[PDB]
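Read the structure below first, then the notes.
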Amino acid sequence: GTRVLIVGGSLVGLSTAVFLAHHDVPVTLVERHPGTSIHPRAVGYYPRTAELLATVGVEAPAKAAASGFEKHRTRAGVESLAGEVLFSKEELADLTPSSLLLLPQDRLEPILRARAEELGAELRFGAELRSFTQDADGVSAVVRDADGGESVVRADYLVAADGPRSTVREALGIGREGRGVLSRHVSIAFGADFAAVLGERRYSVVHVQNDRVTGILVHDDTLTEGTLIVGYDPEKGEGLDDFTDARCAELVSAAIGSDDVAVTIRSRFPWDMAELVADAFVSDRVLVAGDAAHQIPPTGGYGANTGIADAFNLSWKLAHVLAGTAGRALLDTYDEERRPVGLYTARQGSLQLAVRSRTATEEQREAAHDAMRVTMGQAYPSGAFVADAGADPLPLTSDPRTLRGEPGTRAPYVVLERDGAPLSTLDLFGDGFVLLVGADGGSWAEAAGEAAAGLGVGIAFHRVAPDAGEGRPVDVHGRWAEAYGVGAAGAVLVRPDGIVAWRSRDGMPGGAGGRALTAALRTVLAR
Ligand SMILES: Cc1cc2nc3c(=O)[nH]c(=O)nc-3n(C[C@H](O)[C@H](O)[C@H](O)COP(=O)(O)OP(=O)(O)OC[C@H]3O[C@@H](n4cnc5c(N)ncnc54)[C@H](O)[C@@H]3O)c2cc1C
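Okay, structure coming up:
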């Protein structure tokens, strides 16, 4: 019944459910909590993340939800929201059609949950993974339901999206490396009448510091929901268990500073600022994604972005393995591609925290990359792609504006029109393998047909030409070939995650094209 089991119904588990169900993989997700967290948690989704979400129709509703928060421009430090304001303060179009999406996680997760359900994912909230075993043929997961009933779920694979203290990662005996836990926090979600203390003021984030509380205060778009994130110090013997119902009510009222405002405490969750990355992201039939694979310091919000990109990398790979169109070795490329990105991103998170806290060395400032380089400029060191002979390999990340279709990088964004309606290369990706060819590459259609039939895998062919007739994509400024680093007779094979798999810079005469594409796609698919 269930081919992939997902543990965790937070951002990465739900992203995995959407991407898997998009690729028509039967999915069961278990989440111990009775629904999605109301905590805002990570709030910034970079353009690359938005492009990923675009492929499953989540970017549009997420942008709609984000416009509600767009007036929240002011960052402030205050004694309390009602009291003294200490301080306050407030072009990618050639690279990406997406902008930074400023939407709290508690608003993105319902959109993902809704889309996974639409696509036919089975989501079980109030369901706890107790333990699992795996064998040559599959995974057997003990799940305890909301009624305390147990049952054993049999899946082909298990994706562990079960967060930083992942009992799955620990049960596999996967260790982690990195600088470790930097500070311990509690996120306190509450309802309150914010409008009565804000008046016309709208904040992105408020730093609260008075004698009774220090922490970070946020209010939602409706002005009815907030979150106070406070530190505790274990070397004073303080712990999560000190954050009682009464203690949470005291901290929030101290942060608001009014007492006429009625506060309803919803829930408290622990959260650590940490730099910890799993030594391996794949163990036989278990894949580890998101916070379970990498705890990333929050400065820059790279963690949430990195986890959605993990879900996107692994989901089509499971689909092809489960379809028998790929060898099981294709799953190991999830580890190959994503672990180095995870470890690099965790270190970039640590640099950003150092720079932000004004404790960075000049070397740390020199090492710190733009968020666009960190999230859109990746070149995987190796994995499910064929590198260009002779080509100087790329470093793990570059200025994404400098990328020109190198295998292991994001297939570049080129603006197209189809029947006068705007399109881009990115719209062609996300469903299946795609072969793009230049104006002089009409013969690559037959090569795509030959490769597709040989390997029993779909290949969508699009010649990209600056005239193109009815129903075909027009390259309206003739930039496709230069952007994809090929000649007008060349072709580029793009994976279902929009990463370049292979290219031919030049034409290939007769059946040579078909033979070369079949060989390349056979390597990519571990066959
Ligand atoms: C309170 C809080 C505040 C945060 N604030 C920030 C922030 O300000 N900035 C930032 O960048 N990131 C922040 N994060 C982290 C961010 O939310 C994560 O990076 C993001 O959600 C991706 O993590 P994930 O989905 O892989 O795992 P998580 O979000 O950790 O979710 C894991 C899920 O697995 C579930 N689970 C665990 N064990 C089991 C089990 N045995 N059976 C079933 N379900 C299980 C958990 O209940 C949970 O819903 C915060 C996280 C928390 C919890």
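The sequence shown runs 5 to 94, 101 to 537 under PDB author numbering.
Beta carbons are placed, not taken as given, at the ideal position from N, Cα and C, and that holds for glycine.
Beta carbon of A470 nearer than 8 Å to that of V502: As a working note, residue 470 is residue 460 in the sequence shown. As a working note, residue 502 is residue 492 in the sequence shown. Cβ atoms of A470 and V502: not closer than 8 Å.
Cβ-heavy atom distance, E138 to ligand 1, below 7 Å: On the sequence shown, residue 138 is found 128 positions in, with the first residue counted as 1. Because some heavy atom of ligand 1 lies under 7 Å away, the Cβ of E138 counts as near it: yes.
DSSP bridge partner residues for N323 (one or two, in chain order): Within the sequence shown, numbered from 1, the residue matching residue 323 stands at position 313. For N323, which the question treats as bridged, DSSP gives no partner whatsoever.
heavy atom of ligand 1 below 7 Å from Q115 C-beta: Start at 1 with the first residue of the sequence shown, and residue 115 comes out as number 105. In terms of side-chain proximity, the C-beta atom of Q115 is found nearer than 7 Å to a non-hydrogen atom of ligand 1.
Alpha-carbon spacing of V47 relative to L110, whole angstroms: Here residue 47 is taken as the residue at index 43 of the sequence shown, counted from 1. Here residue 110 is taken as the residue at index 100 of the sequence shown, counted from 1. In a straight line, the C-alpha of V47 is about 10 Å away from that of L110.
Contacting residues, own chain, Cβ-Cβ under 6 Å from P476 (five flanking each side not counted): Translated into positions along the sequence shown, residue 476 becomes position 466. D485, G488, listed in sequence order.
C-beta atoms of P65 and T106 nearer than 8 Å: Position 61 of the sequence shown holds residue 65. Position 96 of the sequence shown holds residue 106. For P65 and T106, no; Cβs fall outside 8 Å.
DSSP three-state assignment for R125, whether helix, strand or coil: Against the sequence shown, residue 125 aligns to sequence position 115. Of the three classes helix, strand and coil, the one that applies to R125 here is helix, per DSSP.
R222 - DSSP class collapsed to helix/strand/coil: On the sequence shown, residue 222 is found 212 positions in, with the first residue counted as 1. If DSSP states are grouped into helix, strand and coil, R222 belongs with coil.
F23, DSSP secondary structure in three states: Position 19 of the sequence shown, counting from 1, holds the residue named residue 23. It is helical.
Where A491 falls: helix, strand or coil (DSSP): Sequence index remark: in the sequence shown, residue 491 carries index 481 (1-based). Reduced to three states, the DSSP call for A491 is helix.
Buried or exposed by the 16-neighbour rule on C-beta atoms within 10 Å, applied to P244: The count along the sequence shown starts at 1 and reaches residue 244 at position 234. Flag for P244 reads exposed.
DSSP state of residue 99 mapped onto helix, strand, coil: In the structure shown, the chain runs from 94 directly to 101, leaving residue 99 without coordinates.
8 Å Cβ cutoff met for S214 and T78: The residue labelled residue 214 in the question sits at position 204 within the sequence shown. The residue labelled residue 78 in the question sits at position 74 within the sequence shown. Yes, the Cβ-Cβ distance between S214 and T78 is below 8 Å.
Cβ-based burial, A156 [other Cβ within 10 Å; buried from 16]: If you number the sequence shown from 1, residue 156 lands on position 146. Label assigned to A156: exposed.
6 Å CB neighbourhood of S92 in its chain, flanking five on each side removed: Counting from 1 along the sequence shown, the entry for residue 92 is found at position 88. Excluding sequence neighbours, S92 sits near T78, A80.
Cβ contact (3+ pairs, closer than 8 Å) linking the region 52-59 and the region 146-154: no
Status (buried if at least 16 other CB within 10 Å, exposed otherwise) for residue 95: Examination of the chain shows a numbering gap from 94 to 101; residue 95 is inside it and therefore has no coordinates.
Residues that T78 bridges to, as DSSP identifies them: Residue mapping note: residue 78 aligns to position 74 of the sequence shown, counting from 1. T78 pairs with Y213.
Contact test: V16 Cβ vs ligand 1 heavy atom, cutoff 7 Å: Sequence index remark: in the sequence shown, residue 16 carries index 12 (1-based). Yes, ligand 1 has a heavy atom inside 7 Å of this Cβ.
Opening and closing residue of the beta strand (DSSP E) in which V510 lies: If you number the sequence shown from 1, residue 510 lands on position 500. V510 -> beta strand (DSSP E) spans 510-514.
Simplified DSSP state of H472, which is helix, strand or coil: Within the sequence shown, the letter at position 462 stands for residue 472. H472 falls in the strand class under three-state DSSP.
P38 Cβ short of 7 Å to ligand 1 heavy atom set: To locate residue 38, count along the sequence shown from 1; it is residue 34. Checking every heavy atom of ligand 1 against the Cβ of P38, none is found closer than 7 Å.
Per-residue DSSP class, three states only, for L182: The count along the sequence shown starts at 1 and reaches residue 182 at position 172. Per DSSP, reduced to three states, the secondary structure at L182 is helical.
Cβ-heavy atom distance, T177 to ligand 1, below 7 Å: If you number the sequence shown from 1, residue 177 lands on position 167. Yes, the Cβ of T177 comes within 7 Å of a heavy atom of ligand 1.
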